[PDB]
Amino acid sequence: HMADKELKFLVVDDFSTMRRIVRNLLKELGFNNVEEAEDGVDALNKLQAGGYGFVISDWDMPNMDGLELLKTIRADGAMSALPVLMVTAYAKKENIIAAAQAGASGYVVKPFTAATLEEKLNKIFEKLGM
């Protein structure tokens, strides 16, 4: 998948407020193909629905937390290379390490600015040649 306007995003967070910030930011960046999920399980259900080219995910969520969601994606042969950008309030280095090692594409700490989100998505695009 390429970082054109068609790229389909899944935005995962247990708080709609954060999902809403991220969707609106993506729109501003020219990405309108965006769906939401409320937790890791819901997210896996949509991911299984097919078509997604990028995940942005919270960490602390009921049902399945985002570290589990990230690991699950990375271990699944059908989606193991799916970009996953963590966006979370967890700021300790051990958290950043656990997610990095689990294969996170990137990591943004809440609260974040619009410029930061844009910068970190662009870094992932460049890295993967999207």
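Just count from 1 along the sequence shown to find any residue number.
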item: Between 94 to 102 and 75 to 83 (mean CA B-factor, as deposited), the higher; value: 75 to 83
item: Which of 42 to 50 and 55 to 63 has higher mean CA B factor, as the PDB entry lists it; value: 42 to 50
item: Residue with highest C-alpha B-factor in the PDB entry, from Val22, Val109, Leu10, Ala115; value: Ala115
item: Chain-relative CA temperature factor third for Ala37; value: middle
